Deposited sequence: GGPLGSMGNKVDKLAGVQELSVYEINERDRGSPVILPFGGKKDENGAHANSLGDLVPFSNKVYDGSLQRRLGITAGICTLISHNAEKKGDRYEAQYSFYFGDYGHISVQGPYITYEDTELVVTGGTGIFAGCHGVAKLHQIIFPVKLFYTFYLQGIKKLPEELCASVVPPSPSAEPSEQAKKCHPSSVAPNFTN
């Protein structure tokens, strides 16, 4: 009916869905790269301006499927002698093969959880907005994210499998690591 149609349209516009994924640097992509553009003898020291292009692998929440990759850049903002607390400003995207991609913008802080802006998406993520929660499991090679996505159609079930709880021992299945056809997104990004 009229009020149902309207209600449903509004539900979608305001509706939020969660999506968890794992980001893993398997050290096989030459990433990350350090552009030490910021200011002992023949030794690098972090400073504002250092740029860090990067690209890592993306697996689903259940860790049984290779989905794609992250791709983008971080800029070093502040730092000191402590491991914890260095701040980067980042802009990058998550690629999910034929499903589409999600773009993000926001803080990356060494040894701290942060929240990033979801600037939008394509494919099944087209027109989304919201936030991504970034949790570091093993700094800096293993991360976990939960996206909170507003404004899109119900996510397909293969992206909503039971999530493995994030811990240092959490590992992709052997079949996913090897990119077996039964364990990848349609034309998974690589």
> So which bits of the deposited sequence did not make it into the model?
Replying inline: 1, 41-43
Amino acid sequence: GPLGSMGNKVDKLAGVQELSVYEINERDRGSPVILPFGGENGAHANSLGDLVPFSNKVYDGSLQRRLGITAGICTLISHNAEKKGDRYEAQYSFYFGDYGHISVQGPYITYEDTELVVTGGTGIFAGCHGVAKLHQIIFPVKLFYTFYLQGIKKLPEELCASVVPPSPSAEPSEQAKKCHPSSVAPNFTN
From here on, numbers count along this sequence of modelled residues.
>> If you take the mean CA temperature factor per stretch, which one wins between 69-77 and 82-90?
In response: 82-90
> On average, are the C-alpha B-factors higher in 42-50 or in 22-30?
Replying inline: 42-50
> At the C-alpha atoms, which of 125, 59, 144, 37 reaches the highest B-factor in this entry?
Replying inline: 37
> What third of its chain's C-alpha B-factors does residue 140 belong to: lowest, middle or highest?
Replying inline: middle
